[PDB]
Each structure stands twice: as structure tokens, then as C-alpha cells.
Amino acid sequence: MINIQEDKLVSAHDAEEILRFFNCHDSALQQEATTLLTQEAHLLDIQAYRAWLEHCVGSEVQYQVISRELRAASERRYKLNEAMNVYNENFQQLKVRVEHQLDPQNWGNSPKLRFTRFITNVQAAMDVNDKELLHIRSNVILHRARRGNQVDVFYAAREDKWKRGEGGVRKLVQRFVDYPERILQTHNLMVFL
């Protein structure tokens, strides 16, 4: 589809991802993906973080959100680290964060937070080389409300890889988000996108 010499604003990475969902459409895989993500969002919204780990997250997971430095469109010399990791978690690290949420001395969680997630634009395709790896792309709006008048809304595109694990349950083995706002205006990014 895309030629990135002509479509001058498109990254090689973005063009690669689009080719993945264009070639073959299987609306049944798309339905499994929609259900998978809707249930994950439901668990996260009710703050069932243990259930999320057990049911949605694979032992080999990489859960990653980056913030990319603003560079000139024509830049071509400066070659230092392009991005930092807001998240770059293995399962054990996710577990630490989940423990942190559930701890009765996490003062920030009293009174209880309120989360509402909106998942849209779901696409799904099997990897060509590993026939057990499911690629799922989806976009999220995440609304977090706390303490009367604090309201923070997050927006992101998610590049996921999901794979059948324990008991044949499909679980997340990679999530990649390149967060679209460079300077956060939401107090922090302490939410599972």
C-alpha cells in the first residue's frame, strides 16, 4: 500500500504495521480481539488488578509506553536516545505496581479512584511466521476521576501481541504505546493504558 518516499510523513514502522492488517481480513479474529480487549478494559476499570494479571497478562510480557523527544522533521545528524520509557515492564515489574495499588497504605487511593475506558478501532491479524501470535491494534480513551474535581483523560494507540498460554487463554505478551503528548497534563501517567 504505502510508499514512504512519496508519503513523506509516514514512518517505516507505521507503514509496516498497516501492511499487517490490510492483506487479510478475518472478522472472526476481529471479534475474539474485541471481546479480549473489552474484558481487559472491564477488569482494569473495576480495579481488579490481580484478575487482570492472572487472566490477561502473559508471563513473558513486555508492557511498554514511550515518550519520544521532539526533533526536527528534517533532522538527520543528532543520534542520541530518541525516547524514554514511561513504562517498560516485565511481569514481575507489573506485579510490583499491582501490589502498590492494592496496599492499604497507598494513601493516594483513598478515596477510591474511578476509571472508565473506551476502546475503539480494533484490528486483528495473525503473525505470518508464528501462527500462534495474534497482533491486535486498538485505541483507548481513559478517563480517571478522583477527589472531587480531579479529572484526567488519556488518549493512545496500542500495538499489542497476544498469545495462548495457561489453559488456552489468550494473554498479552507485548503492548507498545508511543504516547502522543510530549508534556503530560494529567498530573502523572500512573494508569494502565
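Heads up: residue numbers just count along the shown sequence, starting at 1.
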Item to check | Higher-B stretch (mean Cα B-factor, as the entry records it), 129 to 137 or 149 to 157 | outcome: 129 to 137
Checklist outcome for this item: Of 21 to 29 vs 176 to 184, the stretch with the larger average CA B-factor in the entry is 21 to 29
Item to check | Which of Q123, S74, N85, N109 ranks first by CA B-factor in the deposited coordinates | outcome: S74
Next on the checklist: Can you tell me which of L94, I119, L113, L80 has the maximum CA B-factor listed in the PDB entry?
Outcome noted: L80
Checklist entry - Lowest, middle or highest third of the chain for the C-alpha temperature factor of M190? => result middle
